[PDB]
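> experimental coordinates follow, after the sequence.
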Amino acid sequence: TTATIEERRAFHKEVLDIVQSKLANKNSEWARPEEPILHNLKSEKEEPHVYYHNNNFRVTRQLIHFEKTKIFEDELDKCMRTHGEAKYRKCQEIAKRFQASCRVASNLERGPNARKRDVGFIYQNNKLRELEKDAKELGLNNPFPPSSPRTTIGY
Amino acid sequence: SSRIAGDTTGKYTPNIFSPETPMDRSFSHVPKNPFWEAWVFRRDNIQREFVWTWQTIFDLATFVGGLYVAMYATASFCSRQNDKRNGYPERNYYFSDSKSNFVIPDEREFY
Amino acid sequence: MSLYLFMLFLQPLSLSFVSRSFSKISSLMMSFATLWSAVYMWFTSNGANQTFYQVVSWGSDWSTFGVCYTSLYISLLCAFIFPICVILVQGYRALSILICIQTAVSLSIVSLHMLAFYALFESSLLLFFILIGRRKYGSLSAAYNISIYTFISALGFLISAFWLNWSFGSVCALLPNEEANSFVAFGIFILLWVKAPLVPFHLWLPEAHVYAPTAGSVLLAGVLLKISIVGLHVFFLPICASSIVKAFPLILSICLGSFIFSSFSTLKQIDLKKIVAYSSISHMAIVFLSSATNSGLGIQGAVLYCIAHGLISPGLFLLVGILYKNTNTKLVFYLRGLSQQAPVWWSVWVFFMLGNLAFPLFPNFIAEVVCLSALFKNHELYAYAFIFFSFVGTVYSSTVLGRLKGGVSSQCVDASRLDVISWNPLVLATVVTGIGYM
Amino acid sequence: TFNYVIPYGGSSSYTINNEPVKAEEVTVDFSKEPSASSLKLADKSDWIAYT
Amino acid sequence: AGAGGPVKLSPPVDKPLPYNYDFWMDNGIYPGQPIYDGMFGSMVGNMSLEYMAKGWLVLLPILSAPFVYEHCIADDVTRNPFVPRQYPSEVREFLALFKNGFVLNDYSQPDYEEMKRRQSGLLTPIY
Amino acid sequence: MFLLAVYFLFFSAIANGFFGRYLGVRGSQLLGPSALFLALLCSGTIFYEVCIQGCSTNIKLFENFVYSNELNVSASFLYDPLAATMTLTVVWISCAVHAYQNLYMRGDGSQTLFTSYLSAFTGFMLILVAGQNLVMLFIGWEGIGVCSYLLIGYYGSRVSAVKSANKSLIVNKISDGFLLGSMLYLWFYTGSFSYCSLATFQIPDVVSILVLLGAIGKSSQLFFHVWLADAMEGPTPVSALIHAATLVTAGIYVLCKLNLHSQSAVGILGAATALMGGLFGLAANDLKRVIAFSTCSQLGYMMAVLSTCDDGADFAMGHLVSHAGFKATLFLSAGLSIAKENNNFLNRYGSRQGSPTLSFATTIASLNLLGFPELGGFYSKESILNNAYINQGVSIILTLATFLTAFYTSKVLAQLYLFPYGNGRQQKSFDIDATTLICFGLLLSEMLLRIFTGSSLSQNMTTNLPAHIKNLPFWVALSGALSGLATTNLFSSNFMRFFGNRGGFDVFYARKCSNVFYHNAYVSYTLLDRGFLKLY
Ligand SMILES: CCCCCCCCCCCCCCCCCC(=O)OC[C@H](COP(=O)([O-])OCC(O)COP(=O)([O-])OC[C@@H](COC(=O)CCCCCCCCCCCCCCCCC)OC(=O)CCCCCCCCCCCCCCCCC)OC(=O)CCCCCCCCCCCCCCCCC
Ligand SMILES: CCCCCCCCCCCCCCCCCC(=O)O[C@@H](COC(=O)CCCCCCCCCCCCCCC)COP(=O)(O)OCC[N+](C)(C)C
Ligand SMILES: CCCCCCCCCCCCCCCCCC(=O)O[C@@H](COC(=O)CCCCCCCCCCCCCCC)COP(=O)(O)OCC[N+](C)(C)C
Ligand SMILES: CCCCCCCCCCCCCCCCCCCC(=O)O[C@H](COC(=O)CCCCCCCCCCCCCC)COP(=O)(O)OCCN
Ligand SMILES: CCCCCCCCCCCCCCCCCCCC(=O)O[C@H](COC(=O)CCCCCCCCCCCCCC)COP(=O)(O)OCCN
Ligand SMILES: CCCCCCCCCCCCCCCCCCCC(=O)O[C@H](COC(=O)CCCCCCCCCCCCCC)COP(=O)(O)OCCN
Ligand SMILES: CCCCCCCCCCCCCCCCCCCC(=O)O[C@H](COC(=O)CCCCCCCCCCCCCC)COP(=O)(O)OCCN
């Protein structure tokens, strides 16, 4: 994928038009965008308007994710408190969903140096499954535990 | 031999000429000690007794350099593990000689 | 924003026209007005504007000022802590110097231009040379140390700013620029390395704090160290992220080494002010490392911990100043029986020392938790290293408290009405932040 | 970014490349290239000659 | 009388102080103490570190002898004369999941090898 | 209703320690015990509602206590069966200690501050026990740590008391650091701090080791037991609270609340701590020290039982609750003996006319410690010893610890009462008010109720053991008690000396660890910042 200077300047002109259309009507939610500005730029920093708008969209999304995770945690805690000793069987699904939400929130914007948050040990379990499959098929002896059905309340 | 300097009513005056010593803030100062003062001076001015000896070089290198080396080695190991964990290509670090240009993961790209 | 900047420019201006006898009263009223204007700036800052809450320009790129999350917290902290410094200082000369230093520092935080940032922060260079080197209670050595360290670091930052202004054509933060150059990154970094004390460039701080007046020490620890985090968030991470990621093993080595060596050095201290200064150096390392991780958890944690330090260190420096006024000594060996002799000073001292040790009901706990979580997000070993070595702070603090707590003393050295008035805002703010209103 | 929610800086695609565009239509260079003397002295091939 | 008892005051320093005088804790009462008792000066009971080490050398083998047998010499089959508690299949499968459980040592079970490998799990998180 | 208990204790703390000038010494002697009585009524209601009738309740005070990005924790209280049982025991012991302090601390200048610290200490213990998330537990853990620092070092003009407090603080810092690391591991890989979602079937060894290292601090296990013996510098009411419930129990509570422990480690560490503590208590000549070593031994038994079986957590908590009553009684009686005789040494005690209530309470507490059949201590200890038979190593060590426990306990009982008078012919007296009698009535009531109500559901469940193996703990206890009455010599002078020096853990720390710490500080400062890098 290569971007010619003609295409780059064309996109720049289109971006300016998008800014002009946004400027025409006042919006109190200008910095809480519901949709990103789609682009094929090598670096987002090239188009400043796209960079700022998309950053504001990403912040909005992350805030929403954090609140969704809090909601998921509240339903998991209520479910756990209602069932009693049947919590392990009945709250597997809610827990699975909560852990998925935690991963989505943490992983989306972890940062340049941060590792992926393995909520539920899904990645570790997957790695152990691959290692087992390889050892068994190649006749090797695995020095690691075999993959587990359940490693956490959900995942 | 003593008198109350402070006046709550606000009519405070310093009787500089009073025979009796005012009970001012100086009343509660702690008496210093000739030997403690010299200890304080020696402790602060400890650069004067510094001498470059093999024992000094050994101790400095072993604890300061040794800790710095251990810390760098641990950080490098953790970076290598994270790169393997994340699935990112070996990153071009400053002192690492890597024939790869990877530094910052692309947010759009799926690793 | 405009009201805050105007009040900031009025505070140095007011001194020129005062009666020379009303100076202290006018300065206090101006400081409170600046605090109220900062509250107004907070009120007029909508969270809906996610990137920058407010930006104002007065005709040039240099006069571009704006407030962000880091800027807002630091500016509110400076306005909150300045009245205490004002009341603690007496004399027109001292007031003039302090008010000029404060105006320069407060203008630096909100500046969005690197060259303007440099112009405003380094204006208060001679004033610190003169303040730390005052006739009877000052040391020329400390003044020379702080001045030379600041000049060399800021000159490197200036060279990097000049290259960025030449290459990109602008040095304003609001214009998105990225650089992969390592020389320019190092130039910007060296300022942060020196200003926020990091081993081995931390020697200037303890000397300055010990030989500075209590108002000066309070201002220095409270906000001058924080100016590094504003430069990092506003002038380093946006442009030189690639170099922070490239050098992360080295950054981590230097930050952890600073934390360890500073903690060990605090153990050999016999002066209360030096103990508080070395505690600050140790605390700065976590903030620096957390911000360098370039994660949401790290930037928020670093700013929060900075506020907690900017609320806990001024308290300890204020109590130390009060004790020194009462006794004319800072040697822990001479100070004994303070529990029995000063039950009210002792209670506040113990409370602030507990805050410095990051106990749960203090802001330091929440801040530390967030910073440690950010480190754990990077690597588990990174967090573990910092968590384990925290015991060294406990050993020195416990030894100091134990030496001060008991013994035989023949002098009643307790705080007056003025001293309690000066710490009450700091106590209330500490409590409020501790309960979670961060 | 100047926010506390997302990492600062940005990311550039490694796959996508931008074709180089000349700084100007015509390039006039006032910087002379290294002399043959400089290259001769810099040649470290034979240690004795270099020394 | 708990309160108001006589005390002896430590004499004021009258000679040049040693550089490492911070190792001594003196509150003004006569018996000052080291920062850590036993670091220097009189040792309690006149027992050196060498004496304590020789004692621990004599004691350690006798204390470790019970533990070494069962943990190392003994095996799952021979440790106890019975098998671990037997549970219904639904209960047993869930209980086997716990690494710190007691049902993983059931040799009679056809899943013994997997359970044993589960018990000797990972030292650190892989991710 | 559930919140009320914590409110009453924190109110009593604020009132006595901030408004003591108005309330007075008598005002603290009223507000303290009154608040503790009200908290006992609330704790009893909580115990009946949750434990007996299986009704757990969650009270969320406020949300978003910490809200940085994904990390979110709330101040919430979940009263589960473990929380109710511990709340009840803690409040009962604290109410007794508050009643005791009215007469014991009359001769102390700050009785208002002492009462304030005792009530804040009890409040932080109830926060730790009732927390629904790991952060609330940490808040309680640190609060008890700080209150212990402020209470052990209450006598500031004694260098020993300040050093004992510094020791406690440092050891507890190392432990809470390991706990913070474990909580970070658990938050990262499970997504939450709440115990409901915290559940993980398989945990990496690192988290288990970190959890154990964190727990061994408060529950003074081997290598971390140095602070407990030193904590004797503080006033007697402090020692009763810390040893019986507030501090030693927290580690066990943490291990039982989150079952991340490893069977191999807990069993060996526990059995070792039981034996070492009993041996250390054999050499000890201070009354208060012997009861501390006894606490260490019992903690060893509770830690060891977790390894034996699945019900080990229930057995441990049952022993913990049974132990708190008798151990508190032993400390309060020891304090009264010291106060009446002005002596701390076992050699100078002897038979002397006293109060029937105190002598009986001491005898019954000692019998519970010893293991006398048909007593609360007996059932809770036999439940452990009988179930530990499967682990051959743990069982042998625990039986030997039972022997040593019986020997020192019997020796102490003989020395305090049966032995002829050993103090001097001087006028000494401590008159006991009705408040002290109420305190001993409360302790005896707890001891009696424990027999009727029991400690664990599985307490009387059959352990399928031969009769000779089931009744051996009794024979070993009797043999030790008989040997202790005869005051016979068991070990050579070399070992008696070794045990008197507590194994030389502190001599090792001073000669090597402290010297290394201060050499690192010397290199860091004198050689470097103020040497190489300092201008002439
Ligand atoms: C229109 C309607 C009217 C409304 C009003 C609006 C008008 C607007 C502005 C008008 C206000 C009047 C301006 C004041 C002029 C004189 C001020 C002065 O002499 O200072 C001391 C003077 C105190 O006099 P004094 O106590 O009677 O004794 C002095 C004796 O003469 C000698 O005493 P000494 O020998 O013992 O010296 C001891 C010395 C100790 O020795 C030192 O420390 C020397 C250090 C060298 C300079 C300090 C370097 C750092 C200064 C940083 C600048 C401070 C602001 C920080 C903000 C950052 C800006 C980038 O300590 C001091 O002097 C004070 C210490 C701090 C003051 C330094 C700040 C002054 C900078 C330059 C002054 C302007 C002079 C211009 C001359 C004009 C014709 C000659 O005035 C003050 O009250 C404090 C300073 C007020 C500063 C405001 C001045 C603006 C300078 C900021 C630069 C920004 C550009 C200018 C634009 C301003 C707005 C357009
Ligand atoms: C010189 C001093 C002399 C005077 C002493 C003053 C005495 C102070 C009394 C101590 C106060 C104890 C109360 C602690 C709770 C703090 C109150 C609080 O924060 O108000 C909460 C409301 O919550 C409550 O009211 C809590 C109930 C308080 C009393 C309930 C039981 C009292 C027992 C104390 C145990 C509290 C344990 C909490 C540990 C964290 C605000 O509600 P939100 O809108 O959700 O605020 C947002 C949350 N956040 C702060 C994080 C931003
Ligand atoms: C969590 C929800 C509710 C929170 C309530 C907490 C309980 C009360 C907290 C009150 C304020 C907390 C800190 C008070 C200031 C710290 C100083 C202090 O506690 O004691 C002072 C003085 O005490 C006071 O004047 C104020 C104390 C009033 C209430 C204190 C209750 C215990 C403090 C709770 C610990 C704080 C928790 C922080 C970490 C979780 C010094 O005492 P000593 O060093 O022992 O010397 C006294 C003299 N003598 C030698 C004879 C012993
Ligand atoms: C003149 C100035 C200096 C002179 C004196 C210097 C003497 C110091 C020399 C030894 C210092 C400690 C040893 C660390 C470096 C050892 C060799 C470096 C090579 C290396 O990276 O090997 C790694 C060492 O293990 C590691 O990753 C680190 C293990 C040791 C760290 C923990 C030890 C102490 C812990 C204290 C806390 C410090 C760290 C806190 C985070 C493991 O090899 P690899 O698998 O990574 O392959 C990577 C390819 N070589
Ligand atoms: C292509 C070039 C090749 C390299 C060639 C290098 C040649 C030299 C380069 C050195 C440049 C550094 C400038 C600082 C010199 C050290 C300070 C002078 C020492 C001194 O005695 O100053 C006294 C007080 O200074 C103090 O108290 C300050 C203490 C020391 C200051 C620490 C320096 C700042 C940090 C150093 C590096 C930081 C980052 C580096 C990127 C004042 O003396 P006086 O007024 O009484 O005069 C009377 C005459 N004796
Ligand atoms: C020895 C440990 C290093 C100490 C530093 C520890 C932590 C500092 C990290 C700061 C973070 C950002 C700074 C970016 C790079 C600075 C140092 C990185 C390490 C380094 O030196 O890498 C070098 C490249 O950097 C460079 O080429 C530039 C080096 C810095 C220049 C020094 C002074 C510059 C001052 C200029 C003022 C402003 C100028 C603006 C025009 C060579 O590494 P390599 O890639 O060649 O690997 C070949 C090895 N086999
Ligand atoms: C049941 C679980 C186990 C609980 C505790 C078990 C501890 C067992 C470790 C001791 C057994 C092996 C000891 C090493 C062999 C040494 C034999 C003689 C010792 C000797 O000659 O030098 C000593 C070295 O100290 C030493 O011996 C220190 C080495 C100890 C290694 C660190 C282990 C932690 C020890 C904690 C408690 C042990 C207390 C007594 C060691 C005294 O040296 P010096 O001071 O006279 O030298 C002069 C100062 N220039």
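That came through fine. Numbers count the residues shown, from 1 in each chain, chains lettered A, B, ... in the order given. Ligands and ions are numbered 1, 2, ... in the order given.
> give the contact list for the closest residue to residue F:244 other than its chain neighbours.
Leaving aside its sequence neighbours, residue F:244 sits nearest to residue F:328 (Cβ to Cβ, 6 or more residues apart in numbering or on different chains; 3.9 Å). Using the backbone N, CA and C atoms, a C-beta is placed for each residue, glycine as well. Taking Cβ atoms under 8 Å, 6 or more residues apart in numbering or on different chains as the criterion, residue F:328 is in contact with F:93, F:96-97, F:240-241, F:244-245, F:443.
> rerun at 7 Å
Listed by Cβ atoms under 7 Å, 6 or more residues apart in numbering or on different chains, the contact partners of residue F:328 are F:93, F:96, F:240, F:244, F:443.
> quick one: those as JSON lines, columns for secondary structure and neighbour count too.
Output for these, formatted as JSON lines (DSSP: H, G, I helix; E, B strand; the rest coil; neighbours: other Cβ atoms under 10 Å in any protein chain shown):
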{"residue": "F:93", "secondary structure": "helix", "neighbour count": "26"}
{"residue": "F:96", "secondary structure": "helix", "neighbour count": "30"}
{"residue": "F:240", "secondary structure": "helix", "neighbour count": "29"}
{"residue": "F:244", "secondary structure": "helix", "neighbour count": "29"}
{"residue": "F:443", "secondary structure": "helix", "neighbour count": "26"}
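> mind checking how far the residue nearest to residue F:244 is from chain E?
Distance, residue F:328 to chain E, using Cβ to the nearest Cβ, to the nearest Å: 22 Å.
> check which helix or strand covers that residue.
Here residue F:328, judged by DSSP states H and E, is contained in helix F:312-341.
> wait, residue C:82 touches residue C:30, no?
No - under the criterion of Cβ atoms under 7 Å, residue C:82 lies out of contact with residue C:30, with a separation of 9.4 Å.
> which one is the residue of chain C found nearest ligand 6 nearest to, not counting chain neighbours?
Distance from ligand 6 to each residue of chain C (Cβ to the nearest ligand atom) is smallest for residue C:187, at 2.9 Å. Nearest residue to residue C:187, sequence neighbours excluded (Cβ to Cβ, 6+ apart): residue C:160, at 3.1 Å.
> and residue F:361, by the same measure?
residue F:440 (4.8 Å).
> okay, now the one you found: neighbour count?
23 (other Cβ atoms under 10 Å in any protein chain shown).
> which ones are touching it?
Residues near residue F:440 by Cβ under 7 Å, 6+ apart: F:357-358, F:361.
> ok, now residue F:40?
So residue F:40 contacts F:91-92, F:95 (Cβ under 7 Å, 6+ apart).
> filter those down to the buried ones, ChimeraX style.
What follows is the ChimeraX syntax for the buried subset of the contacts of residue F:40, where burial is set by 16 or more other Cβ atoms under 10 Å in any protein chain shown:
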select /F:91,92,95
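> what about residue C:82 and residue C:30, which has more around it?
Per other Cβ under 10 Å, whichever of residue C:82 and residue C:30 has more neighbours is residue C:82, with 29 against 23.
> what about that one, distance to chain B?
Residue C:82 is 25 Å from chain B, by Cβ to the nearest Cβ.
> now that residue, nearest residue through space, not along the chain?
residue C:31 (4.9 Å).
> all strands of chain D, in order?
Using DSSP state E, the strands of chain D run over D:17-18.
> for the residue most central in space within it, give me phi and psi.
Centrality entry for chain D: nearest residue to the mean C-alpha point is residue D:20, 13.9 Å, by Cα atoms, centre = their mean. Here is the backbone geometry of residue D:20 (degrees, to the nearest 10): phi -60, psi 140.
> quickly find the element holding residue F:378.
Per DSSP H and E: helix F:376-387 holds residue F:378.
> how much space between residue A:5 and residue C:178?
Using Cβ to Cβ, to the nearest Å, one gets 19 Å for the distance from residue A:5 to residue C:178.
> equivalent analysis for residue C:147, please.
Residue C:147 sits 34 Å away from residue C:178, going by Cβ to Cβ.
> quickly check: the longest helix seen in chain A near chain B or not.
In chain A, ranked by residue count with DSSP state H as the criterion, the top helix is helix A:48-83. No - using Cβ under 7 Å from any Cβ of the partner chain, helix A:48-83 stays clear of chain B, coming no nearer than 8.4 Å.
> which helices and strands does the helix holding residue F:378 pack with?
Using 3 or more Cβ pairs under 7 Å, 6 or more residues apart in numbering or on different chains; DSSP states H and E, the elements in contact with helix F:376-387 are helix F:287-308, helix F:312-341, helix F:356-370, helix F:392-413, helix F:434-453.
> now do the second one against helix F:376-387, angle only.
Here helix F:312-341 runs at 140 degrees with respect to helix F:376-387, directions being taken by axes from the mean of the first three to the mean of the last three Cα atoms, to 10 degrees.
> the shortest one too?
When the same axes, to 10 degrees is applied, the directions of helix F:356-370 and helix F:376-387 differ by 0 degrees.
> quick check: buried residues in stretch C:109-127?
So stretch C:109-127, judged by 16+ other Cβ under 10 Å, has buried residues C:109-125, C:127.
> what comes up buried for the longest helix of chain A?
Buried residues in helix A:48-83 (16+ other Cβ under 10 Å): A:50-63, A:65-66, A:69-70, A:72-73, A:76-77, A:79-81.
> having no further points to raise, I will conclude here.
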